[PDB]
Amino acid sequence: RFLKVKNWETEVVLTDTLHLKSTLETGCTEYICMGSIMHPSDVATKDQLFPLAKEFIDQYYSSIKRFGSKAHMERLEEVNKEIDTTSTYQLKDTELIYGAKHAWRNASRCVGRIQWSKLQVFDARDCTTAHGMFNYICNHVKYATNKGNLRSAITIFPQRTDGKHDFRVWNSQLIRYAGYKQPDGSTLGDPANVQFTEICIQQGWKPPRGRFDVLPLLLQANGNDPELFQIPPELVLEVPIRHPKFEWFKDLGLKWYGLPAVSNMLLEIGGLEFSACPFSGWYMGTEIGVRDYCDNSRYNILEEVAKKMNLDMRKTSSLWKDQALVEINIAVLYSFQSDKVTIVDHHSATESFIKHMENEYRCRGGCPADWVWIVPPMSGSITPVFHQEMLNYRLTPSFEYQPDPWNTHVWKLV
Amino acid sequence: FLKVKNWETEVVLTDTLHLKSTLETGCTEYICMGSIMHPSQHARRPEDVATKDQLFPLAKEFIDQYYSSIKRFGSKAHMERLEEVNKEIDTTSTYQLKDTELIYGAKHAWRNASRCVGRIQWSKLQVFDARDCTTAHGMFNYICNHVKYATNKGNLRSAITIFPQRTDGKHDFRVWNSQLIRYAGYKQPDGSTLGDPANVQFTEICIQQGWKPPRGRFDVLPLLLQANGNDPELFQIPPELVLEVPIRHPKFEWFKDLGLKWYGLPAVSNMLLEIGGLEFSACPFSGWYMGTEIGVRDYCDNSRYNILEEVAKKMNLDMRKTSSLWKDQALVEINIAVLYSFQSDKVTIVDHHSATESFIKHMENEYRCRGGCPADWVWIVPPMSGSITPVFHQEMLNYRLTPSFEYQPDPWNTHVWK
Ligand code: HEM
Ligand code: HEM
Ligand SMILES: Cc1cc(N)nc2cc(-c3ccc(CCN)cc3O)c(F)cc12
Ligand SMILES: Cc1cc(N)nc2cc(-c3ccc(CCN)cc3O)c(F)cc12
Ligand SMILES: C[C@H](O)[C@H](O)[C@H]1CNc2nc(N)[nH]c(=O)c2N1
Ligand SMILES: C[C@H](O)[C@H](O)[C@H]1CNc2nc(N)[nH]c(=O)c2N1
Ligand SMILES: [Zn+2]
C-alpha cells in the first residue's frame, strides 16, 4: 500500500510508504478531519512498556544496519530484564542521541527539519537538584548562542519515573520577556507571558517592571517545589530592532532575544518520558515579526508602525495592517543579519523544507508534515510549501505537549 | 460532541452536526489528509445509472431532509412525494426535483461547502432552472442571462444556473470552461507564456476547436459548451456582458501604466452539484471576489501571471536576496490596488479582513442554530497575512454533508468525439 502527494506548482509527485509505520493517533476520524485542532484527543505499566521499548530498540538497530544481530538480541534481553525488575529501563547514550534526533526528524509541525541530523545532545540524566538544572541550562544557552552563530541543541534531564518525581522547566522558553498587567487594563512587556510572570512574582521574584525583563528560570527537580534562578545577563544575546529605510523605527525602543529555546514539551523515546528537555535552534523571522509584536494578543506595535507610516487606518481595505506587518518583518531580518545573529526568512526556510521533504521521501519513504503549521503566518501562497500537498501522521520518538506544571503540581512548602 | 476553540477570544463552540456526515474525508485516526486537494473518492452512488436500491435510499434521505427542514416530516405531501419518487425511479431509473426541492438543495450545497469563506450569504442565492435546455445554443442563452443578472452593472448578485441532470453518463451536459470568464494563455515559441498560464491547456483546446485567438494579453476565452453528450461548441460571450475593472493604485501613478485589468465576475463552471443521488454536471455558479483571489493567486502564483517582478522593479526594491521581502511588499501593493480599482468603479469586492470576520460571525450563527458548520481551515485562511485575520486562530471541524458541490474530471479526458 502507498499514498501519493502532489505539488501543484511543480507537478512533482512523491510516494509515501513511511505512513504505514505510524501507530500513534492523529485525532482525525474516517468521517471528520481535525487538522486545525491545536491539541487533539499516570505512567506506563510493565506490560505496556515492553512493546514500546521493543519497537524503539528494533528501529535503532535497523538504522545502524545491525537488525537481528547478537548485539540487537542482547540489548532487547537486557531491556526486558530492566522492565521486569525495575518497571523501567535506561537508554544508552547512542540510543538517547538517536532518539532525540529522530524526535526532531519526526516533528511534523517543524519547517526547520533539514537540520535534524546536526543536533548537539547534552545528557543531563545525572542531574538531581534545581541548582544542577540551572548549571546545565546555562551551559546549553552559552553553547547554543555561540556569540551569534547559533547551534541546535537539546538538554535531556532524568526521565519520568512514577510521575511524583518529575523534572520540569516551568518556563515555556528558556528566554522570555515578562508581561505585567496594569491597574488600567494596559500591559507592559509581553502580553503572552502575563500568567507565568505572576507565577514568578508570587514565587518571590523581584520584577524590574520594565519593558524587556528577561524572566527568571523556574526549575523543578525530582518532584520538589520549583526554584528561581536569574540567567546571567551576559549569556542572553539580544538584537535591537531597527529598519533599513525607516530611521524612526529604532525609536520604538524594540529588541528581541536571539535564542529560541522551547522548554515545556515532553520527549518520548521507547516509552520513556523525558518531561524536561529544553531544545533550541534559531528563529525564522516571522516568529518574532508576525506573532511576537503583531498578534492581537501581543506587543501591538502594528498600529504604531502604521501610525508612523501615515497609513489610512480607518478602513481595512487600505491593507495598512498587511503593509505594516511586512515592514516589521523586514526590520527583524535586517536587524539580526546586521548583528550577525543567525536568522532565516520564511522564503528561504520553506524552500529548504521542500528540498528536505523531497530528500526524506527518497531515502526514508516519506516525511510527516503539518501544512497548517508548515505554511508561514504571512505571504503563505507566494512560498513553495503552500502548493505542496503533505501527509500528516505521528511517528515516535516524538515531542509531545504536556500540561502546564502549575496545574498539576502538589506543593510542599509551609 | 466535539468542541472547537478560538485561541484569540477563547470562545468555544460545540459541534453535533458532524454526526450527520456521510462521505469519507480521506483521514483516518492514523493519518490526516487535510492538505490533499482531492483526498477521497467515496461517492454516494456508483459510476453510472444506478439500480433502484442504489438511487432510492439517497432520494429518500434528501426528500426526508427537505420536508424536515419545513416542519412537515411524515405529512401528507411528504408521503405522497416518496411514492412519486419511487414510481419515477421504477419507470425511468431516475426522478425529477420539484422547484422548491431544487432551490433548497442548491442553497444547502453552498451552505455545506467547507472551503468557502463566503457562506454567510448562503441563503441569498438566485436559482435559475435550466433543466428544459437541449442544445449548446440554449446553454449559451442561459449562461448569457446568468452573466447579465449576476453582474448587475457591478452590484454583483449570487446565482447558479442548473442544467439537466446526468442520465446514463453518455448524455452529460458540461461547461468545458473552468470559469465562465477567464483569460487566454498562449504558449510562446521562445518557451515563455503570454496571457494567463493556468488556462494554456484550455486555450489550446479552444484553438484546436477552431477558435481564432486574437493573441492579446487579456483575451476573454470563448465558451465551450456540451449538451446531451454531443461534441462541444464554441460561443463568444458578448463583450458588453463581461464587466472589467482596470487596475490602478491610489498612491503609485505608474501602476495603471502596467496596462492591467480583471473581470468582475467569478463564475465556477466545472463542478458537479449533487442532490439526493442526482448529479448536475453543468451548474455554473457565481458570487463576487475576495480581493486576494485576483491579486495573490491570479497575478502572483509562480505558474500564473508572475508580474510581482515588474511591480517590485518599479518600486525599486532590492530583489537580490529574499530576506528583503520584496515579494511580500509588492504582493501587498498589488492587493491594495485591486481593492482600490474595484471600489472606485463600484464593482462589488470584499477584502480578506472583512470576509474572514464575516466567516467567524457565520460560524457562530451556524453553531447556534444548526449545531455546527463544516470548515476547511486550509482553504478558509487567506493566502496572505493569514495570522492577522480572525480565522487563523479559529479551530475548525471539516466533514462532508449532502447536498454538496463535487469535483469532476475535465470532460476532454473522458469525451469520445463524433
Ligand atoms: C534550527 C532552526 C529551526 C527552525 C528555523 C525551526 C522552525 C520552527 C517553526 C517556525 C515552528 C513553528 C512555531 C510557531 O509557528 O509558533 C517550529 C515548531 C517546532 N519545532 Fe522547529 N525549528 C528549528 C529547530 C528545531 C529544533 C532544534 C527542534 C528540536 C530538536 C525543533 C522542534 C520543533 C517542534 C517539536 C515544533 C512543534 C511543536 C508543536 O507546537 O507541536 N525545531 N519550528
Ligand atoms: C458571494 C461571495 C463569495 C465569496 C467572497 C466566496 C469566496 C470563496 C473563496 C475565496 C474560495 C476559495 C477560492 C480559492 O482561493 O481558490 C471559495 C471556494 C468555494 N466557493 Fe465560495 N465565495 C462566494 C460565493 C459562493 C457561491 C455563490 C457559491 C455557490 C453557490 C460558492 C461555492 C464555493 C465552493 C463550492 C467552493 C470550494 C470549491 C472547491 O472545492 O475548490 N461560493 N469561495
Ligand atoms: C525549536 C524551535 C525553533 C524555532 N525557531 N521555533 C520554535 C517554535 C516552537 C513553537 C512555539 C510555540 C508554539 C505554540 C504557539 N504558536 C508552537 C511551536 O512549535 C517550538 F516548539 C520550537 C521551536
Ligand atoms: C463562487 C466563488 C466565488 C468566488 N469569489 N471565488 C470562488 C472560487 C472558487 C475556486 C476557484 C478555483 C479553485 C482551485 C484553484 N485555486 C478553487 C475554488 O474553490 C470557486 F469554486 C467558487 C468561487
Ligand atoms: C487555531 C489555529 O489552528 C492555531 O492558532 C495555529 C494555526 N497554525 C499555526 N501555525 C504556526 N506555524 N504557528 C501557530 O501558532 C499556529 N497557530
Ligand atoms: C496544495 C494546497 O493545499 C492547495 O494548492 C491549496 C491550499 N489552500 C488553498 N486555499 C485557497 N483558498 N485556494 C487555493 O487554491 C488553495 N490551494
Ligand atoms: Zn485530517
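Numbered from 1 within each chain, the chains take letters A, B, ... in sequence-line order. These numbers come from the heavy atoms of this one structure, side chains and all, not from hydrogens, waters or symmetry mates.
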Pair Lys308(A), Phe246(A) - check side chain to side chain contact (heavy atoms under 4.5 Å, CB included), show working.
CA-CA 9 Å; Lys308(A) 296 232 91 68; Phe246(A) 297 134; over 6 Å; no
Run the numbers on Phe157(A) and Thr155(A) for side chain to side chain contact (heavy atoms under 4.5 Å, CB included), then give the verdict.
CA-CA 7 Å; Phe157(A) 288 106; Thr155(A) 288; 3.9 Å; yes
Hey, mind stepping through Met34(A) and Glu395(B) against side chain to side chain contact (heavy atoms under 4.5 Å, CB included) and telling me if it holds?
CA-CA 8 Å; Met34(A) 311 217 313; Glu395(B) 302 185 332; over 6 Å; no
Salt bridge (charged side-chain N to carboxylate O under 4.0 Å, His left out) evaluation trace for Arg242(A) with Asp339(A)
CA-CA 11 Å; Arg242(A) 61 280 195 185; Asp339(A) 295 1; 2.4 Å; yes
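Between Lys181(A) and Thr197(A) the shortest side-chain heavy-atom distance does not fall below 4.5 Å. No side-chain heavy atom of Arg364(A) sits less than 4.5 Å from a side-chain heavy atom of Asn359(A). With a 4.5 Å cut-off on side-chain heavy atoms, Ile137(A) and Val169(A) count as touching. Side chains of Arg105(A) and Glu360(A) form a contact here, defined as non-hydrogen atoms less than 4.5 Å apart. With contacts defined as side-chain heavy-atom distances shorter than 4.5 Å, the pair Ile83(A)/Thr88(A) does not qualify.
Residues forming a side chain to side chain contact (heavy atoms under 4.5 Å, CB included) with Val372(A) (at least two apart in sequence, or on another chain): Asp370(A), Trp377(B), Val378(B).
Here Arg125(A) pairs with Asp93(A) in a salt bridge; the nearest charged N to carboxylate O distance falls below 4.0 Å. A salt bridge is absent between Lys142(A) and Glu234(A); no separation between the charged side-chain nitrogens and carboxylate oxygens falls under 4.0 Å. Look at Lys307(A) and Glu304(A) and you find no salt bridge, because none of the NZ, NE, NH1 or NH2 atoms lies under 4.0 Å from a carboxylate O.
With no hydrogens or angles considered, no side-chain donor-acceptor pair links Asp318(B) and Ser324(B) at under 3.5 Å. Side chain to side chain, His409(A) and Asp166(A) fail the donor-acceptor criterion of an N or O pair below 3.5 Å. No side-chain donor-acceptor contact under 3.5 Å links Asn171(A) and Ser263(A). Using modelled atom types, one finds a donor on one side chain and an acceptor on the other under 3.5 Å when comparing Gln220(A) with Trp170(A). Checking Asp126(A) against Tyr136(A) by side-chain atom types alone, a donor-acceptor pair falls below 3.5 Å. Between the side chains of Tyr293(A) and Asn300(A), no donor N or O sits under 3.5 Å from an acceptor N or O. Side-chain contact of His393(B) with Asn296(A): a donor-acceptor pair under 3.5 Å is absent, judged by distance alone. A side-chain donor from one of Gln329(B) and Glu327(A) sits under 3.5 Å from a side-chain acceptor of the other. Counting only N and O atoms by type, the side chains of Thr383(A) and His346(A) include no donor and acceptor under 3.5 Å apart.
Side-chain rings of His356(A) and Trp104(A) stay apart, their centers remaining 6.0 Å or farther from each other. Side-chain rings of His102(A) and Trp116(A) approach one another, their centers coming within less than 6.0 Å. Ring to ring, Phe56(A) and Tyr89(A) are not that close: their centroids are 6.0 angstrom or more apart.
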Let me have the donor-acceptor pairs involving side chains of residues 270-279 of chain A, under 3.5 Å, with sequence neighbours excluded, atom names and distances please.
{"residue": "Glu273(A)", "atom": "OE1", "partner": "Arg160(A)", "partner atom": "NH1", "Å": "2.8"}
{"residue": "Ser275(A)", "atom": "OG", "partner": "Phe167(A)", "partner atom": "O", "Å": "2.7"}

Could you give the side-chain donor-acceptor pairs of residues 284-292 of chain A under 3.5 Å, partners two or more places apart or in another chain?
{"residue": "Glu287(A)", "atom": "OE2", "partner": "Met284(A)", "partner atom": "N", "Å": "2.8"}
{"residue": "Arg291(A)", "atom": "NE", "partner": "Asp295(A)", "partner atom": "OD1", "Å": "2.7"}
{"residue": "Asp292(A)", "atom": "OD1", "partner": "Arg298(A)", "partner atom": "NH2", "Å": "2.5"}

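Annotation: cation-pi pair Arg113(A)/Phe353(A) absent, no NZ/CZ under 6.0 Å from the ring centroid and within 45° of its normal. Seen from the ring of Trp7(B), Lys5(B) counts as a face-on cation partner, given the 6.0 Å and 45° thresholds.
Judged by distance alone, the side chain of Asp184(A) and the main-chain N or O of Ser186(A) form a donor-acceptor pair under 3.5 Å. Proximity of a side-chain donor or acceptor of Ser348(A) to a complementary backbone N or O of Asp345(A) within less than 3.5 Å is not detected. Checked by atom type and distance alone, the side chain of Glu198(A) never pairs as donor or acceptor with a backbone atom of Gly179(A) at under 3.5 Å. Looking only at distances, no side-chain donor or acceptor of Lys340(A) sits under 3.5 Å from a matching main-chain atom of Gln337(A). Between the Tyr177(A) side chain and the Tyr257(A) main chain, a donor and an acceptor come within less than 3.5 Å of each other.
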